[PDB]
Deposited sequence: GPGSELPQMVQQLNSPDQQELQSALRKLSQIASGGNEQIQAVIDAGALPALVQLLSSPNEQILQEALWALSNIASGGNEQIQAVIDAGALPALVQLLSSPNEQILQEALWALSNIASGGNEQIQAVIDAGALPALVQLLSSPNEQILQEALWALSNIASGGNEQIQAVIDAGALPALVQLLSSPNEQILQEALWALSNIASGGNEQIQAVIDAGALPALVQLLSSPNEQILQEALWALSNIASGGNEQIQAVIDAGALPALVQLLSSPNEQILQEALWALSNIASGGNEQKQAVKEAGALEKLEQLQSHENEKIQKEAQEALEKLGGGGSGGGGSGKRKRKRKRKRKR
């Protein structure tokens, strides 16, 4: 209700009147999609994009915060941000020497990339990827995390958008990050490759050719359940490709580690271990025999006696597929 009065204050000579309006519009935009639409309907977006060119760092800080929380809404809400000419201004802020401005620009770009394929492509077309791939080599963990988050959401799009990430030279940087001692960076690098591996066979072969599999197979032996869940998701998407892709997974030695995970009392790890083996089972007779030789038949048959309906179904489906004769993830950040 008080929103139109706030939009008028975004172009005020009084700095204390301008900052109070920005702080309030940022707090409203942190709410639901119904609240975000009220900000857009008040015509805040044209005024907010204009403020990104302001030399004032305090104004630009809250202007980015407001746009980021608006960008964390629905697909139509994200589209309204793009129509206001936000992307060409956000891409220019990636080359900024200010760490707070760069962090907030990346936060805004990641939420826009959390929308549909049309929205993701608009970010690619704006020239975001070359800067994003460059940031994967940064010594700053706060910035590296944000760029990893934005690249994961772009890779959550269609095959055209995933190929654009591969072409920008992201895979060698992502594969290198799989050996990082930082668990947050490691999780996001795993989340990025998983979304890349959810694409076509050519895109999955790109992940294999970059040398990601030895690290992913190794991560199945981790005591950390968060890293285990991400590695299982990445390998499942790789195993969903062709017979060349399934065999690369077997050659990397995933089967003995996957069969070991069938003994886990954790329902999340189990479901993902079953899904990875089920995709492998949907390969040729050479691929089917490899699963049999790993000792999987014994555990799959025993898992058909589990009290969990989902665990029961997956185990039977995988055991049937062993007879002789792809998931994308998006994340929206609200602060």
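Asker: Which runs of the deposited chain sequence never show up in the coordinates?
Answerer: Several stretches lack coordinates - namely 1-3, 329-336, 347-348, in sequence order.
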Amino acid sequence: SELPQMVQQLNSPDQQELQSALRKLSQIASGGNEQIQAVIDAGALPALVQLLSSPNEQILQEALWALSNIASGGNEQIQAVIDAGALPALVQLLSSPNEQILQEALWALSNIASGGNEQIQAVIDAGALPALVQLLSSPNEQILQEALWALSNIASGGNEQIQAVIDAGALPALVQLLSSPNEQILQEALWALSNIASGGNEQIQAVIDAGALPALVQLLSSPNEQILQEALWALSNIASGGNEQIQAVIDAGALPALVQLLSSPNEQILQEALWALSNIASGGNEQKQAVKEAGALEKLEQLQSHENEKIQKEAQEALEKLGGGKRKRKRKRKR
From here on, numbers count along this sequence of modelled residues.
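Asker: Look over 220-228 and 72-80 in the entry and identify the one with the greater average Cα temperature factor.
Answerer: Between 72-80 and 220-228, it is 72-80 that shows the higher mean C-alpha B-factor.
Asker: Read off the CA B-factors in the entry, average them over 294-302 and over 24-32, and name the higher stretch.
Answerer: Going by the record's values, the stretch with the higher mean is 24-32.
Asker: Given 278, 287, 271, 37, identify the residue with the highest C-alpha B factor in the PDB entry.
Answerer: Reading the PDB entry, the winner on C-alpha B-factor is 37.
Asker: Select lowest, middle or highest to describe the third in which the CA B-factor of residue 169 falls within its chain in this entry.
Answerer: It belongs to the middle third of the chain when residues are ordered by C-alpha B-factor.
Asker: Comparing against every modelled residue in the chain, figure out the third that the C-alpha B-factor of residue 335 lands in (lowest, middle or highest).
Answerer: For residue 335, whose C-alpha B-factor we compare with every modelled residue in the chain, the answer is the highest third.
Asker: Taking the C-alpha B-factors as the PDB entry records them, is residue 265 in the lowest, middle or highest third of its chain?
Answerer: CA B-factor rank for residue 265: middle third.
Asker: What third of its chain, lowest, middle or highest, does the C-alpha temperature factor of residue 85 fall into?
Answerer: CA B-factor rank for residue 85: highest third.
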